[PDB]
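**Q** 3D model of this:
(chains A, B, C, D, E, F, G, H, I and J, ligands or ions: 10)
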Amino acid sequence: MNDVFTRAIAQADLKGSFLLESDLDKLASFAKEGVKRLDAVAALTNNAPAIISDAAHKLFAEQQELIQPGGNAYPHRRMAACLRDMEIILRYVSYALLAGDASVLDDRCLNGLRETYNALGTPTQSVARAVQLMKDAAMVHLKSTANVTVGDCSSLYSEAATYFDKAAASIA
Amino acid sequence: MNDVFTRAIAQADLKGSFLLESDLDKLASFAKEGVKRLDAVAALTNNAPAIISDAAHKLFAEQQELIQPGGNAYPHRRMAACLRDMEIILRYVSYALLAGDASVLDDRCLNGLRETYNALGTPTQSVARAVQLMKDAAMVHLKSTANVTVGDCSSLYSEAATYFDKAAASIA
Amino acid sequence: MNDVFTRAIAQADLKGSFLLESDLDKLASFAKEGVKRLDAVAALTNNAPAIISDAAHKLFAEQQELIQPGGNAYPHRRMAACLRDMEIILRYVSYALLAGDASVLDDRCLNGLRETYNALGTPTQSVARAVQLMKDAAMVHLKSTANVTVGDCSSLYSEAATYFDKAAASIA
Amino acid sequence: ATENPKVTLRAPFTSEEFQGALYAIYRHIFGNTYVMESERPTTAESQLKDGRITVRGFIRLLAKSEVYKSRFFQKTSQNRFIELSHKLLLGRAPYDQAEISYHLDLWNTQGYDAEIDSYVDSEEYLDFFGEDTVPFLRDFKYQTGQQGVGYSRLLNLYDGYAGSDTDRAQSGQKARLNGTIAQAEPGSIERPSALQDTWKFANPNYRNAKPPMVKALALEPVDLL
Amino acid sequence: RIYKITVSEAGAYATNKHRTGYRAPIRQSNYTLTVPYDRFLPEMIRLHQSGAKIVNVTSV
Amino acid sequence: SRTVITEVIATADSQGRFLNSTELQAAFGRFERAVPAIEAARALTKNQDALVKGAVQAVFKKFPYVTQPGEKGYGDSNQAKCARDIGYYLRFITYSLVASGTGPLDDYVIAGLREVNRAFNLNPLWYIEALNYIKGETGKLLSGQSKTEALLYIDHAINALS
Amino acid sequence: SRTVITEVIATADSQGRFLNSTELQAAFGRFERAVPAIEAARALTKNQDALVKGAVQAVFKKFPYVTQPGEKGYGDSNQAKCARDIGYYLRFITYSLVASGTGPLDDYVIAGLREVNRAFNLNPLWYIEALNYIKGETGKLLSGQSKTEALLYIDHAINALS
Amino acid sequence: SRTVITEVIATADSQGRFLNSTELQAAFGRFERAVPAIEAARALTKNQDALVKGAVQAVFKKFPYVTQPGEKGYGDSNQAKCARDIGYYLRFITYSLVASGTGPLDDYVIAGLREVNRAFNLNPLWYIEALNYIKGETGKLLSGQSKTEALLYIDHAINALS
Amino acid sequence: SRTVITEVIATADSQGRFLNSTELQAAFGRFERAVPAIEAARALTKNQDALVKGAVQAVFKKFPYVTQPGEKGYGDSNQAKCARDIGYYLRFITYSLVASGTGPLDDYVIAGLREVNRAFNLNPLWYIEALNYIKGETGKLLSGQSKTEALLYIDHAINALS
Amino acid sequence: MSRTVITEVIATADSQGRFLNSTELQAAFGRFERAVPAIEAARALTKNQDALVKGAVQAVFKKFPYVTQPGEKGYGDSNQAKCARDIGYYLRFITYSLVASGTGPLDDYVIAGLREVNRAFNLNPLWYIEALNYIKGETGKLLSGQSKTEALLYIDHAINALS
Ligand SMILES: CCC1=C(C)/C(=C/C2=NC(=C\c3[nH]c(/C=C4\NC(=O)[C@H](C)[C@H]4CC)c(C)c3CCC(=O)O)/C(CCC(=O)O)=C2C)NC1=O
Ligand SMILES: CCC1=C(C)/C(=C/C2=NC(=C\c3[nH]c(/C=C4\NC(=O)[C@H](C)[C@H]4CC)c(C)c3CCC(=O)O)/C(CCC(=O)O)=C2C)NC1=O
Ligand SMILES: CCC1=C(C)/C(=C/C2=NC(=C\c3[nH]c(/C=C4\NC(=O)[C@H](C)[C@H]4CC)c(C)c3CCC(=O)O)/C(CCC(=O)O)=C2C)NC1=O
Ligand SMILES: CCC1=C(C)/C(=C/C2=NC(=C\c3[nH]c(/C=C4\NC(=O)[C@H](C)[C@H]4CC)c(C)c3CCC(=O)O)/C(CCC(=O)O)=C2C)NC1=O
Ligand SMILES: CCC1=C(C)/C(=C/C2=NC(=C\c3[nH]c(/C=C4\NC(=O)[C@H](C)[C@H]4CC)c(C)c3CCC(=O)O)/C(CCC(=O)O)=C2C)NC1=O
Ligand SMILES: CCC1=C(C)/C(=C/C2=NC(=C\c3[nH]c(/C=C4\NC(=O)[C@H](C)[C@H]4CC)c(C)c3CCC(=O)O)/C(CCC(=O)O)=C2C)NC1=O
Ligand SMILES: CCC1=C(C)/C(=C/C2=NC(=C\c3[nH]c(/C=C4\NC(=O)[C@H](C)[C@H]4CC)c(C)c3CCC(=O)O)/C(CCC(=O)O)=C2C)NC1=O
Ligand SMILES: CCC1=C(C)/C(=C/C2=NC(=C\c3[nH]c(/C=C4\NC(=O)[C@H](C)[C@H]4CC)c(C)c3CCC(=O)O)/C(CCC(=O)O)=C2C)NC1=O
Ligand SMILES: CCC1=C(C)/C(=C/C2=NC(=C\c3[nH]c(/C=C4\NC(=O)[C@H](C)[C@H]4CC)c(C)c3CCC(=O)O)/C(CCC(=O)O)=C2C)NC1=O
Ligand SMILES: CCC1=C(C)/C(=C/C2=NC(=C\c3[nH]c(/C=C4\NC(=O)[C@H](C)[C@H]4CC)c(C)c3CCC(=O)O)/C(CCC(=O)O)=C2C)NC1=O
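**A** Numbering: from 1, shown residues only, chains lettered A, B, ... in the order given. Ligands and ions are numbered 1, 2, ... in the order given. For reference, the structure is listed below:
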């Protein structure tokens, strides 16, 4: 895939000259907040089932037409596919968070997920709402300062919300 | 796979020496009688259904116990397998006759054929009898003077008998 | 494939016990000297073409019968396979030096190697000779004090020697 | 069985995934035999990289190539070819004599390429490998349609990590399951010699009773009371 | 001649994967298969048995 | 197991190449994080009795309906097996800490977890509660990076249960 | 490209699982090693021109026949190509240092290297000796751990060539 | 090896069929071309020593630097190995001429050529020069179709080495 | 369409290599054997009408029962179909002669032969006797190697039927 | 091996790695109920085998009166006696298929390899098709009801295999 370091290297190679001091300084800062990034990724990972369950409960309370017979998530298999899709989207979002690049999420999944959901008959605004609820559930765990030293991670919250809303808008 | 040429070359390479003049004259012979060899191979190829049919008729006139219930050529499955094996053995005999070397027969057709037949329950003596009958039928067509210029082909007859005998001895 | 940590864990599991204090101390010692281990692995990895070149030259200077027509490394194919074998054994010795356990060699590098060499007709004595030559050539690069902090790395030298010896003994 | 991951290659991929996938493909499909640089197929992997063919199509091309034929077909009996093809293209061993008869007849009638197609166009190949993942030896874990002999027979066909399916043995390329499949027997579980140094203090036969030196006899009430 | 088949994986295939499972990794529904004429009948009938629905078959 | 060193070596081998910079830096990170991990393992090993008995008691408090006669928790044998199971989980967590990878947890607990629980009708929520209690007690026994390591592995086990 | 983080993410995605202890430990090792690597990249970017000039002259001393008329190194255009190639190698070494992975060198130099050099009759020993000179002045220019990082990336390049 | 008769039988075997008219026509062309081919093999076997010495001398003229001290052509053992190698190539070209195919070359020289030349740092251009000299001299000898037969295999070797 | 040239091209394309000595000699043999096959094609094309009518009559003689009503031979339409089929066979045999390959027969008669003969109940011994008639005629209409070419292709068609 | 109802039931359940569910028990139940017609049909065909075989031989002679001419396959006493042998083979394999309540015995014994042996010995499938049509006619006289239908299902499977 592509990383922020990889992205900078690609841009430098396109113009074919060495990475500038400003680029090196930005990448050094990135490596300096890498520890905070690891904590954010661990927060997303360690509560992923809780995030999925909260998002699913809130979504299905919001939209009962999916539960009821004839809905897009009515039988057990369609429910399980729903949960698996939420889980895989969360996993890709955490991948993007760790790398700092949205390529790992944009490359394999979001390009064909549009055609897949259109073909299967899923309501796309429903899936976008599911991803937004996942973001809302995940922010609480990202904020949780228990068991981690108190610090500021506004950049991490902004970037994670960026990845979440980007995936939701892509599927939308 | 080896022919006479590659066999001579491999032997010479084993001692790390060029091909001697004696070997070159032997190979030039083989090449000159190549056309007689081609006619022998064509005779084997073109008359193959007749060869196998005559061999089958003779063999299942001598050995009734094969085509009785409980024999190894009883149902159509086993009889078809019998005829298939005969055509495959004849095919590899013709390959070896064109090659001038018997290595294709040993490597492909006869590699573990006795163990295969012993495992399946086949009377390898009956397979060897079928191969001998095929040899007897084949010599008739190999000696056909019609459709070819008259000449001496005694060495080719001996060589074809040698490959048939190799097959018969290796099987049983 | 184990490392030292997983080996200790497997023994502790068989006893049904937590790791004793002394076991944790030996493991903390292993990890505390892990930097020298990484340097030794880098020394083996970085100089691998040189090691294999020198071992090969010495081996074919000693044993000219390998490269004479009829020898086991005679044509280009056999020589290329020989060099790949040296490459592979050095690769796995570096893996074992990184892990600290010689389980990777017997699990992967030496799994069926002796049977392979017997069936191909490879002289196992010459293979063990090649491994000894690689060991000697590798010790030069392991003791190389340039570019690294001076220190006591005799345990690493002995461990690498034992990995090379375990190989050359399993082949032979 | 466990340590090596399943190599999967979709159509979008980067350079390292491609190179590692080709390493795994060549180390599996070609036996463990060394494939020299003059034998590497460049057009076939250009087609794989472009996405003109999948990994399954690449496996089909490789099994129809003369590397595969020269190693596993041209110096072999058909029994050996069928064994190897099952191992290298389905990840298992032949289960029945009917499979050998079926594949021998299919080759004799329709030729070699139709045989390779039957291997690669099979529902079992697509169930276990689909179009994206390299074939792997799959009978070392229980799957739905396994048979009791599959484990032993594959373990018989698998010569260890450092072994290979080479035609260049001094004995040549010989079938090793030609007799066991006709008798419907299991396979040989004798492993290489490098492994009799592993976990020697295990005692699986713990419940086994050691016999007495002499049997207890009752001279009076009879002998077995 | 070569024939390119654009197959869309649909609910008929999704049910089969829900029953049998995913012994192979999950993939996007829409992909194109290229076949020779010799292989076109077996591949297309196989795609039918798998429950996949073909969208367009183009010749080349 | 799937520890850092072993996965490094395995991926290097599956590509037929030596250990490059990426792999050596991963191994260096492992050898550095050894110190907090071995410290967490020491803390948990010293306190295994209190941790396990407290976890069993926490389970019996959050699941009162288990202790009564007629179901799983009633009887000295069943409670002994409870303590044994939580001792297993804690043992394998300390093994993971020592090995710096979930390999011990995966191989010894997670593989076959759901099938075994279903076969013996053991509710995963019990072990989730026990592990949550152990997480809480390690919050007090450990500090700094040791706490983060221990909690990371405990959470891995919990996510595997749920 | 092959970084530590990308190996993490690809190993996690290939098994369809989340990032966990082993993978975060690898990433932590990357983040710790970033400081010497960024430092070495900075020091090498300062002295690119002197390093390249010295490497070209080093090749010319080591292979004097190359400069002879009718050979590869004869003519100002060919020597400009030589300097450009050494600059290419140095630039990709700096990229690899920044990325904490040999992914840049791999993708941009090593992939296709043998066939290209075979087609254009470019002796790899020229570039090996030039990289040897660069390795020599990396010892003077860099000290500490940046020194080791730069040397290991240069050795990766040399191993690929040889 | 892969000689005309062998591809014939191999294709028939793989397709599970007897040899048809096409196969025998290819074989017949082989048996015709056997005459100039074995004539060329005789001529090359007769004149092997002069060809080998001249090719070695041509190599040393084209790459004079090779014989300087510390270079691969320095000493008597190195140059004896040179002579042995040129004799090898000549031997296998004569084998290929005799067998009417590139099977002997493909199987005893080309298979493994690049790896071996890279491990021992042998420049293919030396062998190109030697084979070019053998080509030039087999022009003087070998009038007729024998010339074309010889040059086909010499060119196969040269194209392999490049 | 398999011919000598087609197999030549298919092999070298599958291997991903240029055409070399082996298949060039195979194509040479094909080109040399073209002229007798070409003039045998001349001969069979010239005498097509007599051969077809004679073969039809030979079939109706060897199988008298087909003529009488209630069988396949009754009727002028069936008779014209017999003549048309034998003409098809002759045309494709001439195609094989001119093509120096069995490809025309394989593509236009042999492929799908047994299925449609079973579906339309066309006894293969009818066409076998017709082809044996044509074999007898080409025994006298041709001399030398062309006789052998015609006989090989005809009896290949027979074997495909038998 | 043989494709009986029970065997395919079990093979399907085994390939899916599941126990035998209610549907497969339904299939087995239906087979066990059709057993009675099949067994009585096999008994009737077994008792009356001699007239069946002789009449089939005669019918093949009548439909193809040229096969008894000299130089043809039917010429000779041995050829005709072991033609009766072949017809007996077909008849008892049909009885086997009836008893098994599946065409397994036919597909395994006669149909597998039928065409290749017929070719290699130049035997017209039409001869045996005529004989099986004769038996198909005469079974209507021998049998009645559902057993008659079963017998004709298997006879026509044999014919279609030859057809
Ligand atoms: C057509 C196939 C199908 C089934 C079978 C099905 C069951 C089902 N019941 C649910 C809710 C629930 N179901 C229960 C069931 C409990 N209530 C208690 O009185 C009992 C002890 C016990 C029932 C025996 C409860 C408590 C909830 C709410 C908690 C939750 O799952 O979100 C949910 C979660 C989402 C929802 O509200 O629908 C499912 C999937 N849904 C389906 O689409
Ligand atoms: C690259 C990663 C990747 C993704 C993301 C992916 C998505 C994906 N979702 C699918 C079906 C589905 N996806 C959903 C989920 C949506 N439908 C609504 O009900 C929910 C609100 C919502 C979940 C948030 C559902 C319900 C199905 C079942 C549709 C059906 O079976 O007809 C399918 C069809 C395959 C199958 O059903 O077995 C795919 C391929 N596949 C991938 O390989
Ligand atoms: C085993 C895997 C692993 C993990 C989990 C890990 C996390 C980690 N977190 C750290 C502290 C930290 N953690 C955070 C992040 C938190 N701060 C706020 O409370 C946010 C709510 C929250 C982010 C979601 C911050 C800001 C620091 C201090 C970094 C600094 O400013 O110096 C540190 C440095 C502690 C020190 O040396 O003093 C590490 C190594 N490292 C690893 O190798
Ligand atoms: C398309 C495949 C193909 C075939 C079939 C072929 C046959 C072939 N047979 C030939 C002659 C010959 N063929 C034979 C063989 C015969 N001698 C005895 O009568 C035997 C019964 C019989 C062996 C089966 C002999 C002896 C010659 C004459 C060659 C000589 O006397 O030196 C010739 C040389 C020219 C001629 O005399 O007509 C050719 C090219 N060439 C081909 O390219
Ligand atoms: C049968 C096929 C075959 C070939 C072709 C072959 C070539 C070959 N030559 C070698 C040595 C050598 N060959 C040469 C040839 C050079 N000498 C110089 O005077 C010339 C410039 C130049 C020749 C034109 C040299 C210098 C060596 C020694 C290389 C070393 O010691 O590292 C080696 C390394 C092992 C050895 O023999 O000592 C091989 C494999 N070996 C084979 O088995
Ligand atoms: C990117 C991969 C990577 C590598 C390769 C690496 C090597 C490395 N070498 C080190 C020093 C060292 N390296 C060595 C090893 C050498 N001593 C010599 O005498 C022997 C020839 C040889 C082996 C015995 C020693 C003894 C030290 C200092 C002692 C110590 O650091 O504990 C250190 C500790 C830094 C210091 O305290 O100065 C590291 C981390 N680090 C990495 O992140
Ligand atoms: C798990 C790691 C692994 C190992 C270790 C391994 C070893 C290995 N070496 C082999 C052949 C070989 N190995 C050698 C090497 C020997 N001959 C020379 O004389 C030397 C003395 C000596 C080497 C120092 C040679 C010459 C061959 C080729 C045998 C032949 O072509 O006949 C082969 C047969 C492969 C083939 O030819 O297709 C294997 C599998 N393979 C692996 O996958
Ligand atoms: C390509 C090289 C090759 C060959 C030729 C070969 C022969 C071979 N013969 C076989 C069976 C057979 N082979 C025969 C033929 C014999 N039985 C009769 O008694 C005759 C006397 C005699 C023939 C003249 C028969 C009847 C069977 C089936 C036996 C059975 O099903 O048990 C089989 C097993 C497949 C099957 O059951 O049909 C093989 C593989 N194997 C090879 O790898
Ligand atoms: C289709 C017929 C078939 C069967 C039945 C079969 C069984 C089978 N059991 C296996 C392992 C095993 N089997 C057992 C079962 C034993 N453990 C206790 O001792 C019990 C006494 C006993 C069970 C009652 C165990 C513990 C293993 C794991 C051993 C290991 O993997 O190291 C394996 C190796 C692959 C795997 O681990 O999944 C197979 C193939 N295979 C087949 O193809
Ligand atoms: C699976 C059960 C089975 C069947 C069905 C079977 C038929 C059968 N008939 C055969 C021969 C033969 N079949 C016939 C045909 C019959 N002869 C004439 O009286 C009739 C007109 C005509 C039948 C209507 C003849 C004449 C032969 C011997 C000559 C030859 O076909 O070449 C053969 C070849 C071996 C042999 O001579 O017995 C088989 C296998 N064999 C079996 O094991």
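**Q** hang on, residue A:10 is in a helix, isn't it?
**A** Yes: the assignment for residue A:10 by DSSP: H, G, I helix; E, B strand; the rest coil puts it in a helix.
**Q** neighbours of it, how many?
**A** When counting by other Cβ atoms under 10 Å in any protein chain shown, one arrives at 16 neighbours for residue A:10. Heads up, the C-betas are built off the backbone N, CA and C, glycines and all.
**Q** residue D:172 and residue G:59, how far apart?
**A** 50 Å (Cβ to Cβ, to the nearest Å).
**Q** more crowded one of those two?
**A** A side-by-side neighbour count of residue D:172 and residue G:59, using other Cβ under 10 Å, places residue G:59 first with 25 against 15.
**Q** quick one: the spatially most central residue of chain F from residue F:84, how far?
**A** The centroid of chain F falls nearest to residue F:93 when counting by Cα atoms, centre = their mean (3.1 Å). Separation of residue F:93 from residue F:84 (Cβ to Cβ): 15 Å.
**Q** got the phi/psi numbers for residue D:208?
**A** Per-residue torsions, residue D:208: phi -70, psi 140 (degrees, to the nearest 10).
**Q** give me the number of residues near it?
**A** Neighbour count for residue D:208, taken as other Cβ under 10 Å: 8.
**Q** roughly how far out does the lengthiest helix in chain F sit from the chain middle?
**A** If each helix of chain F is counted by residues according to DSSP state H, the longest one is helix F:21-46. Helix F:21-46 sits 16 Å away from the centroid of its parent chain (Cα atoms, centre = their mean, to the nearest Å).
**Q** that helix: which residues count as buried?
**A** F:21-34, F:36-45 (16 or more other Cβ atoms under 10 Å in any protein chain shown).
**Q** any idea of the angle it forms with helix G:21-46?
**A** Inter-element angle recorded for helix F:21-46 and helix G:21-46: 140 degrees (by axes from the mean of the first three to the mean of the last three Cα atoms, to 10 degrees).
**Q** is chain G contacted by helix F:21-46?
**A** Yes: applying Cβ under 8 Å from any Cβ of the partner chain, one finds helix F:21-46 touching chain G at F:21-22, F:24-30, F:32-33.
**Q** do a quick rundown of the helices in chain A.
**A** Per DSSP H, chain A carries helices over the ranges A:4-14, A:21-32, A:34-46, A:48-62, A:76-99, A:103-105, A:111-120, A:124-143, A:154-171.
**Q** to clarify, my last question referred to chain F.
**A** Ranges of helices in chain F, per DSSP H, are F:4-14, F:21-46, F:48-62, F:76-99, F:103-105, F:113-120, F:124-141, F:145-161.
**Q** what of chain D?
**A** Here chain D has its helices, by DSSP H, at D:15-29, D:42-50, D:55-63, D:66-72, D:78-85, D:97-110, D:112-120, D:123-128, D:148-157, D:178-182.
**Q** winner for burial among those?
**A** helix D:78-85 (a mean of 24; mean count of other Cβ atoms under 10 Å in any protein chain shown).
**Q** that older thread, filter the buried residues of helix F:21-46 by proximity to chain I?
**A** By Cβ under 8 Å from any Cβ, no member of these lies near chain I.
**Q** contacting residues around the residue lying closest to residue A:51 once chain neighbours are set aside?
**A** Spatially, and ignoring its direct neighbours in sequence, residue A:51 is nearest to residue A:137 (4.6 Å; Cβ to Cβ, 6 or more residues apart in numbering or on different chains). By Cβ atoms under 8 Å, 6 or more residues apart in numbering or on different chains, residue A:137 lies in contact with A:50-51, A:54-55, A:58.
**Q** rerun that using 10 Å as the cut-off
**A** Counting by Cβ atoms under 10 Å, 6 or more residues apart in numbering or on different chains, residue A:137 makes contact with A:47, A:50-58, A:90.
**Q** ok, residue F:112 next?
**A** Contacts of residue F:112 (Cβ under 10 Å, 6+ apart): residue F:119.
**Q** ok, and residue E:6, which helix or strand is that part of?
**A** Element membership for residue E:6, per DSSP states H and E: strand E:2-8.
**Q** is any residue of stretch D:121-136 near chain E?
**A** Yes: using Cβ under 10 Å from any Cβ of the partner chain, stretch D:121-136 reaches chain E at D:121-123, D:126-133.
**Q** is that stretch in proximity to ligand 2?
**A** No: shown here: stretch D:121-136 not in contact with ligand 2 (Cβ under 6 Å from any ligand atom), separated by at least 10.8 Å.
**Q** with just CA atoms, put that stretch into PDB.
**A** Included here for stretch D:121-136 are C-alpha records, laid out as PDB according to Å, rounded to 0.1, in the frame of the first residue of the first chain:
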ATOM      1  CA  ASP D 121     -11.700 -26.100 -13.600                       C
ATOM      2  CA  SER D 122     -12.800 -28.400 -10.800                       C
ATOM      3  CA  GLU D 123     -15.400 -27.300  -8.200                       C
ATOM      4  CA  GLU D 124     -12.900 -28.500  -5.500                       C
ATOM      5  CA  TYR D 125     -10.200 -26.200  -6.800                       C
ATOM      6  CA  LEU D 126     -12.600 -23.300  -6.900                       C
ATOM      7  CA  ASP D 127     -14.000 -24.100  -3.400                       C
ATOM      8  CA  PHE D 128     -10.500 -24.100  -1.800                       C
ATOM      9  CA  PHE D 129      -8.600 -21.600  -3.900                       C
ATOM     10  CA  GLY D 130     -11.000 -19.700  -6.100                       C
ATOM     11  CA  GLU D 131      -9.300 -17.400  -8.500                       C
ATOM     12  CA  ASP D 132      -7.000 -15.400  -6.200                       C
ATOM     13  CA  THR D 133      -5.000 -17.700  -3.900                       C
ATOM     14  CA  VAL D 134      -2.200 -20.000  -4.700                       C
ATOM     15  CA  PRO D 135      -2.900 -23.700  -4.100                       C
ATOM     16  CA  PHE D 136      -1.600 -25.100  -0.900                       C
END
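**Q** middle-most residue in chain A, spatially?
**A** With distances taken as Cα atoms, centre = their mean, the residue of chain A nearest its centroid is residue A:93 (2.2 Å).
**Q** now that one, nearest residue through space, not along the chain?
**A** Nearest one to residue A:93, counting by Cβ to Cβ, 6+ apart, is residue A:163 at 4.9 Å.
**Q** the one you found and residue A:94 touch, don't they?
**A** Yes: using Cβ atoms under 10 Å, residue A:163 is in contact with residue A:94, at 8.7 Å.
**Q** including distance to residue H:125, could the helices of chain D go into JSON lines?
**A** JSON lines is the format used below for those (distance: least, Cβ to Cβ, whole Å):
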{"stretch": "helix D:15-29", "distance to residue H:125": "28"}
{"stretch": "helix D:42-50", "distance to residue H:125": "23"}
{"stretch": "helix D:55-63", "distance to residue H:125": "33"}
{"stretch": "helix D:66-72", "distance to residue H:125": "29"}
{"stretch": "helix D:78-85", "distance to residue H:125": "41"}
{"stretch": "helix D:97-110", "distance to residue H:125": "46"}
{"stretch": "helix D:112-120", "distance to residue H:125": "40"}
{"stretch": "helix D:123-128", "distance to residue H:125": "47"}
{"stretch": "helix D:148-157", "distance to residue H:125": "45"}
{"stretch": "helix D:178-182", "distance to residue H:125": "50"}
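**Q** for chain B, find the nearest of those.
**A** When the helices of chain D are compared by Cβ to the nearest Cβ, helix D:178-182 sits nearest chain B, at 3.6 Å.
**Q** touching ligand 8 at all, the closest one?
**A** No: using Cβ under 6 Å from any ligand atom, helix D:178-182 stays clear of ligand 8, with a minimum separation of 7.1 Å.
**Q** which residues sit in contact with the nearest residue to residue A:45 once chain neighbours are set aside?
**A** Excluding the flanking residues, the one nearest residue A:45 by Cβ to Cβ, 6+ apart is residue G:18, at 4.4 Å. Residue G:18 makes contacts with A:41-42, A:44-46, A:48, A:87, A:90-91, A:94-95, A:98, F:156, F:159, G:12, as judged by Cβ under 10 Å, 6+ apart.
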